[PDB]
Peer 1: 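One structure coming up, written as structure tokens, with questions to follow.
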Amino acid sequence: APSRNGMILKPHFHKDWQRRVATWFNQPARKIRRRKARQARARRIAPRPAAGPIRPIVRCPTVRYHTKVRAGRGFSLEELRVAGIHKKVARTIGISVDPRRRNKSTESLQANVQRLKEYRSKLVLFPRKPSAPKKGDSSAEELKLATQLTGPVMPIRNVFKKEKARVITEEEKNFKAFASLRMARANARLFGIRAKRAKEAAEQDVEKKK
Amino acid sequence: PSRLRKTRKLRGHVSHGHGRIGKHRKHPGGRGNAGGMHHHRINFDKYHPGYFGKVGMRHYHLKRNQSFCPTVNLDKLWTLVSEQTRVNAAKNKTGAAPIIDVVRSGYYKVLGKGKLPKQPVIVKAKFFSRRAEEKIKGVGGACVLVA
RNA sequence: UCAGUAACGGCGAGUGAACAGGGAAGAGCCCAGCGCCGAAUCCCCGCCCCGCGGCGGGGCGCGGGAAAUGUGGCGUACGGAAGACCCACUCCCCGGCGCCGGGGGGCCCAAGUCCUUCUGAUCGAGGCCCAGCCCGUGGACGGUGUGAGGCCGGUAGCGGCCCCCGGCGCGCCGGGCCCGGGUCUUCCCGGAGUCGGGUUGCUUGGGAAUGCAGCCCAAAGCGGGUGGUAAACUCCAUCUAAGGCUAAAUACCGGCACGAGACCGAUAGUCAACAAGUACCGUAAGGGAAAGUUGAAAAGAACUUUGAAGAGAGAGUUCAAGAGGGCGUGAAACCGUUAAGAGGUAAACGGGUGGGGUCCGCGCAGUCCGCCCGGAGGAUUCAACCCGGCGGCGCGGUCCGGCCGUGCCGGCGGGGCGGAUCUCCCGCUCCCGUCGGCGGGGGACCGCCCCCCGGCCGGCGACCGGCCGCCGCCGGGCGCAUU
RNA sequence: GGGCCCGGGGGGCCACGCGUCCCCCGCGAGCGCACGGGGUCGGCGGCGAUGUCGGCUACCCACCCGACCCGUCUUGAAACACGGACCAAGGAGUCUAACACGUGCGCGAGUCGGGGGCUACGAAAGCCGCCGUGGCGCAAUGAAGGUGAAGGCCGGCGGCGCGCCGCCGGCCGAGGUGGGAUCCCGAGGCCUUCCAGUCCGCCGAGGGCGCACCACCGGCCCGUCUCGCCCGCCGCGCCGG
RNA sequence: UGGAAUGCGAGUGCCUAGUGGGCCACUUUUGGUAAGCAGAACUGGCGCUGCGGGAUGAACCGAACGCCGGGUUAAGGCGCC
RNA sequence: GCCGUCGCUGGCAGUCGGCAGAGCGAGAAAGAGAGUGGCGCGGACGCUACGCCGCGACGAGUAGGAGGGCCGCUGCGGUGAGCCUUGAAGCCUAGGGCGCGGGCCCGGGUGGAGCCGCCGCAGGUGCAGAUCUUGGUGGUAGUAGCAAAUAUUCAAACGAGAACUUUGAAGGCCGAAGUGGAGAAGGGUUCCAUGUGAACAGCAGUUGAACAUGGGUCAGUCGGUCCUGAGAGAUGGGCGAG
RNA sequence: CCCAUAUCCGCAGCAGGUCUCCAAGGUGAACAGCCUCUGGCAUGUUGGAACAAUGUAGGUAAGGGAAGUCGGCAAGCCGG
RNA sequence: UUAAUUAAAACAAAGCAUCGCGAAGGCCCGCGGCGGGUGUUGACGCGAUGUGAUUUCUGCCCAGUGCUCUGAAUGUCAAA
RNA sequence: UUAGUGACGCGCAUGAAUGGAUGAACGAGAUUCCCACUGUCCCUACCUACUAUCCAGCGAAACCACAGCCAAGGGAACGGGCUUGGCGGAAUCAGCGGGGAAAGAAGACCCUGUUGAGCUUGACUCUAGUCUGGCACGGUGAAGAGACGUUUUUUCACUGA
RNA sequence: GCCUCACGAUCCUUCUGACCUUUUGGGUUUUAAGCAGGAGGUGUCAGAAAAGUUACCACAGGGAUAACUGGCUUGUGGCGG
RNA sequence: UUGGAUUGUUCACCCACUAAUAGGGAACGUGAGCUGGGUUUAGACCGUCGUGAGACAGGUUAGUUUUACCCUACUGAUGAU
Ligand SMILES: [Mg+2]
Ligand SMILES: [Mg+2]
Ligand SMILES: [Mg+2]
Ligand SMILES: [Mg+2]
Ligand SMILES: [Mg+2]
Ligand SMILES: [Mg+2]
Ligand SMILES: [Mg+2]
Ligand SMILES: [Mg+2]
Ligand SMILES: [Mg+2]
Ligand SMILES: [Mg+2]
Ligand SMILES: [Mg+2]
Ligand SMILES: [Mg+2]
Ligand SMILES: [Mg+2]
Ligand SMILES: [Mg+2]
Ligand SMILES: [Mg+2]
Ligand SMILES: [Mg+2]
Ligand SMILES: [Mg+2]
Ligand SMILES: [Mg+2]
Ligand SMILES: [Mg+2]
Ligand SMILES: [Mg+2]
Ligand SMILES: [Mg+2]
Ligand SMILES: [Mg+2]
Ligand SMILES: [Mg+2]
Ligand SMILES: [Mg+2]
Ligand SMILES: [Mg+2]
Ligand SMILES: [Mg+2]
Ligand SMILES: [Mg+2]
Ligand SMILES: [Mg+2]
Ligand SMILES: [Mg+2]
Ligand SMILES: [Mg+2]
Ligand SMILES: [Mg+2]
Ligand SMILES: [Mg+2]
Ligand SMILES: [Mg+2]
Ligand SMILES: [Mg+2]
Ligand SMILES: [Mg+2]
Ligand SMILES: [Mg+2]
Ligand SMILES: [Mg+2]
Ligand SMILES: [Mg+2]
Ligand SMILES: [Mg+2]
Ligand SMILES: [Mg+2]
Ligand SMILES: [Mg+2]
Ligand SMILES: [Mg+2]
Ligand SMILES: [Mg+2]
Ligand SMILES: [Mg+2]
Ligand SMILES: [Mg+2]
Ligand SMILES: [Mg+2]
Ligand SMILES: [Mg+2]
Ligand SMILES: [Mg+2]
Ligand SMILES: [Mg+2]
Ligand SMILES: [Mg+2]
Ligand SMILES: [Mg+2]
Ligand SMILES: [Mg+2]
Ligand SMILES: [Mg+2]
Ligand SMILES: [Mg+2]
Ligand SMILES: [Mg+2]
Ligand SMILES: [Mg+2]
Ligand SMILES: [Mg+2]
Ligand SMILES: [Mg+2]
Ligand SMILES: [Mg+2]
Ligand SMILES: [Mg+2]
Ligand SMILES: [Mg+2]
Ligand SMILES: [Mg+2]
Ligand SMILES: [Mg+2]
Ligand SMILES: [Mg+2]
Ligand SMILES: [Mg+2]
Ligand SMILES: [Mg+2]
Ligand SMILES: [Mg+2]
Ligand SMILES: [Mg+2]
Ligand SMILES: [Mg+2]
Ligand SMILES: [Mg+2]
Ligand SMILES: [Mg+2]
Ligand SMILES: [Mg+2]
Ligand SMILES: [Mg+2]
Ligand SMILES: [Mg+2]
Ligand SMILES: [Mg+2]
Ligand SMILES: [Mg+2]
Ligand SMILES: [Mg+2]
Ligand SMILES: [Mg+2]
Ligand SMILES: [Mg+2]
Ligand SMILES: [Mg+2]
Ligand SMILES: [Mg+2]
Ligand SMILES: [Mg+2]
Ligand SMILES: [Mg+2]
Ligand SMILES: [Mg+2]
Ligand SMILES: [Mg+2]
Ligand SMILES: [Mg+2]
Ligand SMILES: [Mg+2]
Ligand SMILES: [Mg+2]
Ligand SMILES: [Mg+2]
Ligand SMILES: [Mg+2]
Ligand SMILES: [Mg+2]
Ligand SMILES: [Mg+2]
Ligand SMILES: [Mg+2]
Ligand SMILES: [Mg+2]
Ligand SMILES: [Mg+2]
Ligand SMILES: [Mg+2]
Ligand SMILES: [Mg+2]
Ligand SMILES: [Mg+2]
Ligand SMILES: [Mg+2]
Ligand SMILES: [Mg+2]
Ligand SMILES: [Mg+2]
Ligand SMILES: [Mg+2]
Ligand SMILES: [Mg+2]
Ligand SMILES: [Mg+2]
Ligand SMILES: [Mg+2]
Ligand SMILES: [Mg+2]
Ligand SMILES: [Mg+2]
């Protein structure tokens with residue numbers, strides 16, 4: 001029964017919730033198990049980077065996050081094509097490929113193409129047969145220095161373009177941001193109806209004319 | 001801890017703090033929010049006006065990312081840049097104003113609560129309030145709209 | 001995390017996801033179809049070589065069958081194929097054979113039973129020269145007549161030895177493949193009683209209907225589906241259904257094998273610490289207990305005697321049977337006996353005394369202490385001075401040296417951190433060899449901090465030494481007695 | 001009777017220096033007793049080793065006064081109301097979640113690593129910082145589209161005709177009234193041989209700045225209503241302010 | 001001259017349990033023949049509360065309670081118990 | 001007089017000592033002020049400030065709330081150079097005491113191996129009740145009772161022991177729809193021999209269907225076995241998520 | 001082997017329940033009741049001594065004859 | 001016939017009288033079917049009710065509620 | 001003679017297969033009277049057996065706050081306890097049924113509960129079954145009537161489902 | 001309406017109102033949903049959607065509550081002035 | 001302060017005798033004293049009522065009556081000071 005002032009509460013405990021309680025006492029054990037598998041995986045694939053294949057740069061969807069870039073799933077076939085990397089060869093040298101992803105704009109495309117060219121420049125490639133090097137294999141002098149890389153490959157960061165202070169021009173002072181904003185909403189709101197009214201008037205005037 | 005609680009003090013006192021007459025019974029009055037329009041009506045009306053009924057339009061598949069618009073008032077505007085940014089601009093003679101990009105700080109709309117220092121500034125933002133634009137213009141600043 | 005949110009709901013009670021974002025993990029693929037290849041494909045039998053406890057590899061059969069009602073190779077929406085032209089190619093796998101570098105099992109690896117001593121027995125107590133019994137990468141735990149690092153098993157150790165299994169490498173034999181990229185030219189390209197629609201029932205947060213199903217209707221090919229309010233028109237965006245495979249991160253009150261615990265401690269904890277899913281009940285489905293402990297060691301009481309015997313009396317073992325085989329301790333209720341007291345208003349009870357007991361005071365000539373007076377004695381004998389040590393304090397009116405200021409000033413000071421403060425080197429890239437942009441770097445500047453040097457003030461009471469002075473204390477001298 | 005029991009011609013006074021001017025007519029010493037800020041004696045006596053001394057309470061007994069059986073529901077229980085023959089052991093407000101307020105601690109317009117990752121006790125603890133995603137807080141309001149939190153003065157001009165509106169440049173600036181802990185000033189005053197005049201303190205009428213908080217009055221933001229005149233332009237609008 | 005007497009330190013905010021069967025008496029009072037009946041007002045009680053008195057008794061009369069010594073009382077008493 | 005509560009939001013850091021000077025309770029604001037001119041070596045206690053001290057008033061209590069427990073129980077981190085086989089826990093006690101109380105300390109006895117104080121942490125933490133659970137024991141009480149179906153007696157034997165066993169003899173009963181002789185179902189060794197007389201056989205027993213130690217069930221022909229009965233039940237088929 | 005006032009089921013050696021076969025003499029209509037032979041048993045989970053009340057189960061009653069009681073319940077009468 | 005408080009006047013019964021049905025049927029079972037019972041049946045039968053031997057009789061009421069029969073003549077009337 | 005029987009009948013509220021009236025035989029069915037009989041009674045007595053009884057052996061259970069003499073009082077309005085009186089003397093045996101508002105079983109009666117269940121129906125909401133229409137399986141051919149070679153409908157046939 | 005009575009939440013439906021908002025990738029148009037105000041009604045009138053019977057009965061309780069006795073009262077009954 | 005017929009009856013009425021045939025309480029005395037006729041379970045019939053299941057201070061018939069050995073009281077029996 002309610003008693004004086006308070007909040008009205010609706011706990012979701014009307015089922016057999018005690019039959020499905022998930023405790024977390026195995027949490028330290030999971031952390032050790034996952035860590036022990038990261039290490040055993042890093043040893044297995046050494047000297048390949050422990051983090052995994054290089055990932056592209058992508059912009060997060062929606063207006064809440066489109067100011068941020070993060071690691072994608074894989075490089076697009078257009079990005080790989082522009083960088084001259086065969087799509088089936090890309091995975092064999094630690095490049096992640098995403099055939100689903102599209103490139104709508106050039107800047108994002110060229111950002112990931114430079115990424116692939118920079119990664120290709122840091123790639124140390126061991127010959128398939130150690131004793132018999134081949135055309136693209138790295139020289140022996142840089143194979144000695146090859147060491148496993150920790151952390152994501154070429155980590156992705158959000159870098160802001162610092163704009164230095166500048167004298168404000170009379171044209172910026174005279175700009176009306178709020179009036180511009182309010183009129184932009186109104187024009188978008190009334191665009192369809194205005195054209196419909198305009199079209200009828202043309203027909204309305206034409207019928208009298210002819 | 002159980003040693004600091006009433007039960008330890010209620011040993012030997014028969015009823016245990018629930019009375020000899022009314023006793024502690026299972027669920028008098030109902031369970032949960034029962035009776036809201038009935039024997040519990042005074043409590044609900046007195047403390048929860050508006051609780052019963054419906055108001056306004058429904059919206060299916062609401063996506064709260066579409067209405068994302070963090071706001072900042074003008075009185076906190078200069079905290080988005082460094083302290084030396086303000087003093088260097090204040091004391092410089094060429095008249096160059098620093099650019100404050102609120103979107104970089106994580107805000108979209110600029111609001112007008114507060115008073116600005118007497119110092120020109122260029123403010124970039126997706127949105128402005130009317131009073132924010134005038135206060136920014138009153139100090140010799142300029143509003144810049146970004147997308 | 002979104003989020004108890006959008007939504008659902010006698011819009012009551014109640015119910016209730018997703019996307020984005022951050023992480024764990026990360027892996028992608030294959031058909032039918034459309035085509036081209038002389039079915040180029042597959043199964044089985046018989047013989048020869050190899051292997052043979054995962055039945056396979058090669059060779060030979062005018063051996064048998066499957067399969068044109070479609071097997072195999074290429075190829076699948078990320079497009080693919082054929083041709084031409086440029087460019088580039090020798091390692092990739094299968095079946096055998098040989099050689100070189102984690103898992104399971106077995107055995108083993110430090111130091112006191114030292115000297116006294118308590119005990120039934122001890123692992124107890126005391127000691128073990130300077131220095132501090134000995135070892136210690138081992139002081140987890142268990143056992144042993146307490147209570148043990150050193151008595152035994154163990155424990156520690158990138159300790160040792162011996163078996164087997166595996167993994168990773170390197171060569172030989174017999175096979176299979178005769179393998180790719182780019183630019184052009186010409187071609188090819190898809191899953192139907194399914195989608196979709198109506199209606200019914202269920203289901204969902206899914207609301208003019210989220211998913212599923214039945215019945216009816218029943219497709220198209222610039223089509224189809226989705227685009228969270230029914231519908232027409234119109235642009236857009238985004239996928240490509242009705243075929244298929246796929247590790248990892250996730251789950252795990254059963255099973256095998258282990259480790260631990262601020263848990264319970266025999267009416268507890270599993271029903272079950274034990275011949276417990278037992279005994280027992282029910283025709284059956286089913287239901288289902290109680291029940292741990294002698295002692296260090298059986299040394300488990302020989303023998304004598306009364307009795308028909310059970311039982312007793314002695315005797316003996318043991319530290320103890322005042323531990324005697326349902327035996328550790330051994331409570332209360334209840335009972336016997338012994339002792340004391342008492343007794344016709346049931347007993348019991350509160351207050352106040354009195355009498356009598358049991359024991360206690362380990363009582364019964366009655367306290368202790370400071371100073372002072374007097375009588376008898378006796379001395380590691382007092383003060384005052386001298387030597388030495390230590391300590392306290394000092395405005396030493398203002399001594400020297402130190403560290404040092406979460407103080408202030410002066411520096412060609414030698415540096416770290418940070419900055420939404422400014423700006424000669426290079427990587428990629430647009431354009432002509434030029435010239436602009438993204439990204440990576442000096443340098444300057446500002447703030448703070450650390451270390452170096454000079455000047456003031458300043459602490460050493462969370463932070464001190466040397467001299468000097470005063471005072472106190474201690475040790476040793478001298479004082480040898482009206483102290 | 002009242003006038004320090006007004007003025008004149010045997011018994012008690014908390015009268016008892018003096019130079020005076022004149023209304024009127026600043027410290028003696030001792031000594032002692034006490035109806036004096038709560039009891040002392042600087043007063044005494046008997047008894048004591050085998051039967052005596054002290055021992056509240058406790059064991060038993062007696063007597064006088066008191067005295068109904070507890071728990072429970074109940075207006076009312078000793079009840080002819082229910083449970084309780086007796087003893088032991090067990091036996092009932094817990095833990096999870098959510099919320100509210102109070103308190104304690106940390107940091108503070110921020111705060112929180114809880115998920116993840118790194119590096120015997122230890123499944124601990126330590127760390128991350130371009131792991132702060134994210135939660136809560138920092139902004140409200142409207143069903144929503146959306147909007148989203150002080151002004152005045154000076155000078156100049158345009159319009160209406162000293163006052164009003166619009167646009168331009170300079171100066172001040174987050175309201176006021178009442179109360180209000182505390183703080184601030186200070187008229188005057190805080191003694192010793194007597195005067196002047198100081199330094200440090202100290203008290204204080206009156207007067208001030210006024211914390212928090214409360215009441216009241218203004219203001220600002222969003223919804224809505226009434227009235228009304230203007231201002232803007234890449235879109236001249238069923239536009240925007 | 002803080003503008004009658006008297007007494008007394010006040011104001012304010014959060015959180016909050018139990019209760020929500022009552023019953024009795026003086027006076028007033030409704031229904032009822034009346035009831036130790038039913039139903040109201042006022043105040044005080046009992047409930048929650050012992051204690052002296054009414055022999056005995058929820059409510060009557062006196063008086064309210066820490067553990068004590070002395071004194072004195074209230075209401076009631078003083079043939080004997 | 002004493003105890004506690006509340007109030008004075010009372011007092012005490014001044015234990016300021018021979019680098020000394022003892023006071024600030026008193027009717028009535030503010031200095032035991034500072035200056036400039038005119039022999040002995042001595043002096044109690046205190047102050048866990050969460051402490052200590054003073055003065056005044058007050059003290060009923062169900063339901064209910066709150067505080068304080070140097071009240072009590074179990075375990076955990078610290079600490080007590082803690083206790084303990086020269087005796088732990090537990091238990092008992094007309095022994096001595098402390099505290100308003102919850103309780104606790106010590107003495108004596110038994111016991112035989114572990115236990116406690118303090119600062120913190122934690123909780124399956126405190127019983128008189130619930131026709132509470134489980135176990136034990138009372139009075140009732142040597143009581144109700146050991147009364148359905150006619151019945152026993154004499155002698156001897158064994159034996160420690162005889163109303164009840166065995167033998168003999170009497171007197172009786174069932175009275176061939178039996179208290180006789182054999183089976184089915186059910187039991188499952190109860191059957192037979194020998195032994196025992198602990199427990200059981202509601203007295204006793206020398207006895208038993210008890211206990212113990214050993215034996216005992218023989219088939220072509222007697223049954224099962226085979227047949228079909230009422231019925232049950234696969235396959236084919238049908239239905240069905242299964 | 002028991003086959004049931006002790007071998008089975010009713011918690012038991014429980015006056016209950018539990019399917020069958022054989023079947024003597026006398027009296028008598030008779031597989032009635034009563035007595036006996038063959039066969040069996042020991043009085044039904046104890047004995048001794050008394051002979052009060054009240055019982056349970058059997059009897060008998062002068063004179064009356066249902067007056068008793070709700071009612072002839074019970075007993076009695078009749079009986080081959 | 002109410003095992004274990006009712007043995008009866010209750011139930012049944014022969015008799016009597018109604019009702020459905022000629023098998024693709026009546027009545028009934030069954031989650032289900034080319035399922036099943038009546039039924040190895042066929043109206044002198046099967047199924048469903050009432051009354052209750054014999055004797056004698058069984059009167060009036062079709063408004064109500066039921067049951068039943070006729071229906072494009074025809075108001076309302078679902079989906080398609 | 002509140003009984004029985006026979007009559008009467010404006011019958012609270014008799015009556016015709018919800019069967020009315022009757023009637024032999026039958027009944028562990030209900031009722032009245034008469035003969036006979038008797039201990040049912042007047043009005044009780046005596047006798048037998050088995051108990052009870054006492055003894056030896058053996059031996060429970062129900063129940064129990066503490067208990068156990070009364071009058072009155074007041075009191076939860078009927079006390080074993082309390083107040084005032086009457087009074088009170090160990091330990092026991094056989095009986096007894098006044099009391100313990102004795103035991104037995106959380107009253108079946110009655111009410112309350114937003115507790116049920118069996119049953120009923122003109123309760124509310126449904127539901128198997130059943131009747132009915134449509135769509136599908138679902139076809140072949142002649143005629144009749146419609147509508148614009150096709151198409152709806154009626155009748156008559158066909159067979160192959 | 002001379003005054004003191006003459007009446008009705010949420011949800012839902014229906015009507016009226018705006019150059020109204022939304023109708024979810026945009027635009028037009030139907031539709032639908034919003035916003036404000038009326039009405040449709042709950043008379044158990046602060047507003048469930050609702051017939052019986054039980055003697056075949058059940059459980060939790062109740063001396064809060066009827067059927068005996070007892071208690072107060074004594075109208076009625078009885079008895080007496 | 002009586003014996004009887006009718007009634008379960010209390011009550012009533014009548015017959016008969018008698019001195020008289022008075023009235024009452026004791027938990028409307030008295031069911032571990034009986035009986036069980038009535039009332040008041042479950043079976044069943046009739047009438048009235050109800051669509052019905054069922055109901056009826058309306059008739060009718062059939063329908064289990066438990067325990068004392070405790071305490072007291074009482075009756076007797078030993079005994080006790
Ligand atoms: Mg409440
Ligand atoms: Mg209390
Ligand atoms: Mg409480
Ligand atoms: Mg209670
Ligand atoms: Mg309550
Ligand atoms: Mg209540
Ligand atoms: Mg509760
Ligand atoms: Mg939230
Ligand atoms: Mg759900
Ligand atoms: Mg996501
Ligand atoms: Mg990852
Ligand atoms: Mg193909
Ligand atoms: Mg695809
Ligand atoms: Mg060793
Ligand atoms: Mg030693
Ligand atoms: Mg050891
Ligand atoms: Mg050991
Ligand atoms: Mg050692
Ligand atoms: Mg070793
Ligand atoms: Mg090892
Ligand atoms: Mg597909
Ligand atoms: Mg369902
Ligand atoms: Mg649902
Ligand atoms: Mg839409
Ligand atoms: Mg799969
Ligand atoms: Mg046990
Ligand atoms: Mg157990
Ligand atoms: Mg036990
Ligand atoms: Mg225990
Ligand atoms: Mg056990
Ligand atoms: Mg034990
Ligand atoms: Mg011993
Ligand atoms: Mg022992
Ligand atoms: Mg032992
Ligand atoms: Mg034991
Ligand atoms: Mg023992
Ligand atoms: Mg004793
Ligand atoms: Mg004695
Ligand atoms: Mg007395
Ligand atoms: Mg109660
Ligand atoms: Mg009451
Ligand atoms: Mg009581
Ligand atoms: Mg009473
Ligand atoms: Mg009760
Ligand atoms: Mg009881
Ligand atoms: Mg807080
Ligand atoms: Mg661990
Ligand atoms: Mg009253
Ligand atoms: Mg009360
Ligand atoms: Mg009070
Ligand atoms: Mg009082
Ligand atoms: Mg009186
Ligand atoms: Mg006094
Ligand atoms: Mg008196
Ligand atoms: Mg108090
Ligand atoms: Mg004792
Ligand atoms: Mg031991
Ligand atoms: Mg615990
Ligand atoms: Mg306990
Ligand atoms: Mg207990
Ligand atoms: Mg006897
Ligand atoms: Mg026989
Ligand atoms: Mg035989
Ligand atoms: Mg015996
Ligand atoms: Mg035998
Ligand atoms: Mg079958
Ligand atoms: Mg006999
Ligand atoms: Mg015998
Ligand atoms: Mg027998
Ligand atoms: Mg017998
Ligand atoms: Mg006679
Ligand atoms: Mg005669
Ligand atoms: Mg008679
Ligand atoms: Mg009579
Ligand atoms: Mg008879
Ligand atoms: Mg019967
Ligand atoms: Mg019978
Ligand atoms: Mg009929
Ligand atoms: Mg009709
Ligand atoms: Mg008669
Ligand atoms: Mg007649
Ligand atoms: Mg008729
Ligand atoms: Mg009739
Ligand atoms: Mg005897
Ligand atoms: Mg009594
Ligand atoms: Mg008494
Ligand atoms: Mg009695
Ligand atoms: Mg009774
Ligand atoms: Mg009850
Ligand atoms: Mg009951
Ligand atoms: Mg209610
Ligand atoms: Mg129901
Ligand atoms: Mg049922
Ligand atoms: Mg209906
Ligand atoms: Mg008018
Ligand atoms: Mg509602
Ligand atoms: Mg669209
Ligand atoms: Mg009935
Ligand atoms: Mg009734
Ligand atoms: Mg009455
Ligand atoms: Mg009268
Ligand atoms: Mg009576
Ligand atoms: Mg009686
Ligand atoms: Mg009786
Ligand atoms: Mg009767
Ligand atoms: Mg009946
Ligand atoms: Mg009728």
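Per chain, numbering begins at 1; letters A, B, ... match sequence-line order. Excluded from the calculations below are hydrogen atoms, water molecules and symmetry mates; all remaining heavy atoms, backbone and side chain alike, are included.
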Peer 1: Does any donor-acceptor pair link the side chain of A:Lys10 with the base of C:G14 at a separation under 3.5 Å?
Peer 2: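 Check passes, donor-acceptor contact within cut-off.
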Peer 1: Examine the base of C:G447 for any acceptor or donor lying under 3.5 Å from a partner atom in the side chain of B:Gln84, and report the outcome as yes or no.
Peer 2: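 Counting by modelled atom types and ignoring angles, no donor-acceptor contact under 3.5 Å is found here.
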Peer 1: Please confirm whether the shortest side-chain N or O distance from A:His14 to OP1 or OP2 of C:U15 is below 4.0 Å.
Peer 2: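 Answer is yes, contact under 4.0 Å.
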Peer 1: Using centres under 5.5 Å plus planes under 30 degrees as the test, is B:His59 stacked with J:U24?
Peer 2: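 Aromatic stack with J:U24 present for B:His59.
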Peer 1: Hey, does the side chain of B:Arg58 come within less than 4.0 Å of J:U22's phosphate (OP1/OP2), counting only N and O?
Peer 2: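 No, no such contact exists.
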Peer 1: Taking the side chain of A:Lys161 as heavy atoms from C-beta outward, which of D:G148, C:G439, C:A6 is closest to it?
Peer 2: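 The listed nucleotide nearest to A:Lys161's side chain is C:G439.
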Peer 1: The sugar of I:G9: north or south, by the sign of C1'-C2'-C3'-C4'?
Peer 2: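 Here the sugar adopts a south pucker, which is what a negative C1'-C2'-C3'-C4' value indicates.
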Peer 1: Quick one: the side chain of A:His12 and the base of C:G16, do they pair up donor-acceptor inside 3.5 Å?
Peer 2: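 Such a pair is found, so the answer is yes.
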Peer 1: How would you summarise protein contacts on nucleotides 37-47 of chain J per nucleotide, using B for base, S for sugar-phosphate only and - for none, with heavy-atom distances below 4.0 Å?
Peer 2: ---------BB
Peer 1: Which parts of nucleotides 111-123 of chain D does protein reach within less than 4.0 Å, heavy atoms only, written one letter per nucleotide 5' to 3' as B for base, S for sugar-phosphate only and - for none?
Peer 2: ----SBBSB---B
Peer 1: With the sugar-phosphate defined as primed atoms, P, OP1 and OP2, and the base as all remaining atoms, what B/S/- string results for nucleotides 133-141 of chain D, 5' to 3', for protein heavy atoms under 4.0 Å?
Peer 2: SS---BB--
Peer 1: Side chain of A:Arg182: nearest nucleotide among D:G240, C:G21, D:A98?
Peer 2: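 For the A:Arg182 side chain, the nearest candidate turns out to be D:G240.
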Peer 1: For RNA chain C, what residues of residues 163-173 of chain A have any heavy atom nearer than 4.0 Å?
Peer 2: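 Heavy-atom contacts with RNA chain C come from A:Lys164, A:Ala165.
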Peer 1: In Å and rounded to the nearest 0.5 Å, what is the OG to CZ distance from A:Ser108 to A:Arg101?
Peer 2: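 These two atoms lie 7.5 Å from each other.
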Peer 1: Hey, does the side-chain of B:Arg8 have a donor or acceptor N/O within less than 3.5 Å of a partner on the base of F:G126?
Peer 2: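 Yes, a donor-acceptor pair under 3.5 Å.
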Peer 1: Which nucleotide in the set J:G34, D:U147, E:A17 lies at the smallest distance from any side-chain heavy atom of B:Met57?
Peer 2: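 Taking heavy atoms from C-beta onward, the closest nucleotide is J:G34.
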Peer 1: Please check if the distance between the ring centroids of B:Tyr108 and B:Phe127 is under 6.0 Å.
Peer 2: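 No, the ring of B:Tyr108 stays outside the 6.0 Å limit from the ring of B:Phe127, centre to centre.
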Peer 1: I'd like to know if B:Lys9 reaches the base of F:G68 with its side chain, counting only an N/O donor and acceptor under 3.5 Å.
Peer 2: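 Between F:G68 and B:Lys9, which were checked side chain against base, a qualifying N/O pair under 3.5 Å is present.
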Peer 1: Tell me the closest heavy-atom pair linking B:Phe128 and A:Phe178, and the distance in Å.
Peer 2: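 Where B:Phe128 meets A:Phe178 most closely, the heavy atoms are O-CD1, 3.7 Å.
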Peer 1: Heavy atoms under 4.0 Å is the rule here; annotate nucleotides 88-97 of chain D 5' to 3' with B where the base is hit, S where only the sugar-phosphate is, and - elsewhere.
Peer 2: -----BSS-S
Peer 1: Under the rule that ring centres be under 5.5 Å apart and planes under 30 degrees, are F:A201 and F:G202 stacked?
Peer 2: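 Under the 5.5 Å and 30 degree rule, these bases do not stack.
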Peer 1: Just checking: is there a Watson-Crick or G-U wobble pair between J:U31 and K:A42, both distances under 3.5 Å?
Peer 2: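 J:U31 does not match K:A42 under the WC/wobble rule.
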Peer 1: Can you list, in residue-number order, the parts of residues 131-147 of chain B that come under 4.0 Å of RNA chain C, counting heavy atoms only?
Peer 2: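 Output list: empty, so none.
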Peer 1: Mark yes or no for a side-chain to base donor-acceptor pair under 3.5 Å between A:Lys117 and C:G427, with no hydrogen or angle criteria applied.
Peer 2: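 Counting by modelled atom types and ignoring angles, no donor-acceptor contact under 3.5 Å is found here.
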Peer 1: Could you classify D:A15 for me, syn or anti, using a glycosidic angle within 90° of 0 as syn?
Peer 2: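 Syn, which is what one calls it when the glycosidic angle falls within 90° of 0.
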Peer 1: Mind checking whether E:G31 and E:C37 form a Watson-Crick or G-U wobble pair, both distances under 3.5 Å?
Peer 2: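 E:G31/E:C37: base pair present.
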